[PDB]
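This report refers to the structure that appears directly beneath it.
A, B, C, D, E, F, G and H are the chain letters, set down in written order, and residue numbers restart from 1 in every chain.
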Amino acid sequence: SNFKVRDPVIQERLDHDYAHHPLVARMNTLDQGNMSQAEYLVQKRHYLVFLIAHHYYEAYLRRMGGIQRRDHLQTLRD
Amino acid sequence: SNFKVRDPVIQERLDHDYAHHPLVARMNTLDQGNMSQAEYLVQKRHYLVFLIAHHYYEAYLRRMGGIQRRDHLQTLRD
Amino acid sequence: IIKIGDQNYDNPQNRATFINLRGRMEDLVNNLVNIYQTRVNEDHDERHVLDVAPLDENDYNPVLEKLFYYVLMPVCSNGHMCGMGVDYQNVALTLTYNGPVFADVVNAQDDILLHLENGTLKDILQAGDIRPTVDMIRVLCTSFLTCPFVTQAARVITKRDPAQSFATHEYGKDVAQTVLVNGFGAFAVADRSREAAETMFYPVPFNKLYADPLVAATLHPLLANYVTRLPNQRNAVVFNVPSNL
Amino acid sequence: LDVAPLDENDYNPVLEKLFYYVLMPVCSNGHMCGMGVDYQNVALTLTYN
Amino acid sequence: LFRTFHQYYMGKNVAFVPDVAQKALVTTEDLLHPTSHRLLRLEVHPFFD
Amino acid sequence: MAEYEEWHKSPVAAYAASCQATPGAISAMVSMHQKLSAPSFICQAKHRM
Amino acid sequence: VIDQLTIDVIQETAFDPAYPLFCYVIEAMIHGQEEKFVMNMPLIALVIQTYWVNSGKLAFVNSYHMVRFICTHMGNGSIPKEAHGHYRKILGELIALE
Amino acid sequence: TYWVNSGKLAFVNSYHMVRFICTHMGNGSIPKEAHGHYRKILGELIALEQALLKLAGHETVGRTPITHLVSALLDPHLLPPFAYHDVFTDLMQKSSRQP
């Protein structure tokens, strides 16, 4: 541990607890390669970090698109 | 009383008033030995102090175990 | 002479061969999986390329940036300032891998400690005792896309002003400076959450206004053992800088 | 001698010395005592009721 | 940098003091007192060091 | 206690009873714990104590 | 532009034995950017508002790329008014010094 | 209950109660008016030793620095008169003077 930051204390195996999730199927799409089984679950966990961050920012641009003219003024007619 | 702290004023005989308690059966498990009858009720009272403190701390670790993932997220489905 | 490690950096035509740019988050929605490819595959002990944002010649000026660091902060803090390095891909392993952030059943306009488990984020959010909402941490997840690598030290060797170009040896015409890229300066971390800072940050003393012993003795338990073995280095003046810095 | 072990993170010999020998007897004008406790009497008051 | 941080402070046992860092703690008179040569010999020039 | 054998003799407690509450009196107790020795005096003769 | 009471606020943040570690987590994620600071302005306006009330000190005093972006880009009543005056008197001083 | 009813604050007596109220419990679970008085204690008592290290020299004599000699506030042979964590094994291993 002389060349690394100490690992955090977080409960393991988020996949078996919830999903029911489409991006967990994307987690299986990452190939193992020459990595061992224990090292694969580390890098599969890191790849989940990238998928969640890409997901919420794509939802964020839809949120900050702003209110539009035509659909709002039509609902004001009623 | 020159070598001891003065005794507190507390009502006697907690066993006959409530129990109905499993640790009071544990109080009888302590053997009398060479102690007299009046001195046994003193040391039987001291042993009840140790049983209650051990009981509530064991319940305390179950309390500070923290909320878990799998059981909580399953109840959020409904 | 910008010394990024071993290879020098002479001319601005070599800019793409030593300095990687990362612009706006909005403009990089195409190249965004390409960024994560270099977070695992490439060796970050011999990368020799630093990461910065592209500069804006109309936004900032250096003098307003320079007076904040050399003047106002060492005086108002009596010189209690240490340089800090960040392991960024170990930071976002806390925030995203949460359980309330991941699952989409939990309400977005909800408090965090109603749903969070025993981990680091229960205790990092015990330090400030802040109650953000779920979306607030969810946007902090989104910073991991354009997030930089391990904080690198680039040393800047310039020639002196032509008033002062007289020295004995040949290197005495040049005076140097270290610029800690993609790190930040920081005060003493609270002792109640030293274990969390040990699992997120590491100190780099790199400048005489920012190499302070009694701040760095919080950030890593080896340097806390370095002070108690010999008490000669409890002062900011005397304190030993690594000669590799 | 029943004493909890020393962690070198939490231990500050200089600070406790400044508190006990300097700042306390001034602010108390030298009105302080050493306090003894019978610990097994403390639980019998707090718990047994 | 955490590798360069850790190679230098690992087994260090004796700490050095430079020439210039042991002049910035001295008062205005002890540098002129004749018990000190090396603190006084290396102040040859005003502009230089 | 044997009051002839400690670093805190009788007249420290005699000063501690008649202290003032002024923050200057905090500075008196800190400057009191100079050790009256020979290589202590070098540290005060430099700074003109 | 700096009065003595503002230094009495800045210096106590330096000698804070219970400084929030969470604003290092933000400043690592922000790392001084224009667009990235806009995305988290409903968060750091709460952290300051939960640190100016729990104690008299104010946070995010580490780097120039967090002090400057608070003053010039809010101009609002998100931060308490008593706290936001200290931030203007810092950048009132630096522009005066140049 | 004690800072609101009377104008005085408790737990002044031992150090370990004073220290832990500053580091832990940054909340408003105890009021902000009384919280400053605790922080002025440790905020100054850390500043007391900084002046002590300015008289104490940069230089040493042997293995023992001069800092261990000049003031009894720095001298580790003086012990704080209440021992909750074991100091006795620290002074035996470190010192060259026999305990």
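One rule holds in what follows: contacts are C-beta pairs under 8 Å (C-beta built on N, C-alpha and C of every residue); 3 or more make two chains touch, one makes a residue touch a chain.
S.K.: Show which chains lie in contact with chain A and also with chain D.
M.R.: Touching chain A and chain D alike, sorted by label: B, C.
S.K.: Which one of the chains is farthest from chain C, going by Cα centres?
M.R.: Result for max centroid distance from chain C is chain B.
S.K.: Counting C-beta pairs in contact, does E-F beat A-C or the other way around?
M.R.: Most contacts of the two pairs: A-C.
S.K.: Measuring from the mean C-alpha position of chain G to the mean C-alpha position of chain H, what distance in angstrom results?
M.R.: Centre-to-centre distance between chain G and chain H: 31 Å.
S.K.: Take the average of all CA coordinates in chain C, do the same for chain D, and state the distance between these two points in whole angstrom.
M.R.: Inter-chain centre distance comes to 41 Å.
S.K.: As a quick test, compute the distance in whole Å between the mean CA positions of chain A and chain E.
M.R.: The separation of the two C-alpha centroids amounts to 53 Å.
S.K.: What whole-number Å value describes the gap between the mean CA coordinates of chain E and chain G?
M.R.: 37
S.K.: Give the residues of chain D that touch two or more other chains, as numbers and ranges in rising order.
M.R.: Only 10, 18, 21-23, 27 qualify.
S.K.: Check each residue of chain A and list the ones that touch at least two other chains.
M.R.: Within chain A, the residues that touch at least two other chains are 4-5, 11, 14, 17-18, 60.
S.K.: Hey, which residues of chain D end up touching chain B in the complex?
M.R.: Interface residues on the chain D side: 38, 40-41, 43-45, 47-49.
S.K.: In their shared complex, at which residues does chain C touch chain H?
M.R.: Touch list, chain C to chain H: 127-129, 190-192, 230-232, 234-235, 238.
S.K.: Which residues of chain G touch chain H once you look at their complex with the stated criterion?
M.R.: Per the touch definition, chain G meets chain H at residues 12, 15, 17-18, 20, 53-56.
S.K.: Touching residues of chain D toward chain H in the complex: what are they?
M.R.: Chain D reaches chain H through residues 1, 3-7, 10-11, 13-24, 27, 34.
S.K.: Quick check: in the complex, which residue numbers of chain C touch chain B?
M.R.: Spelled out, the residues of chain C in touch with chain B are 99, 103, 105-106, 115-118, 122.
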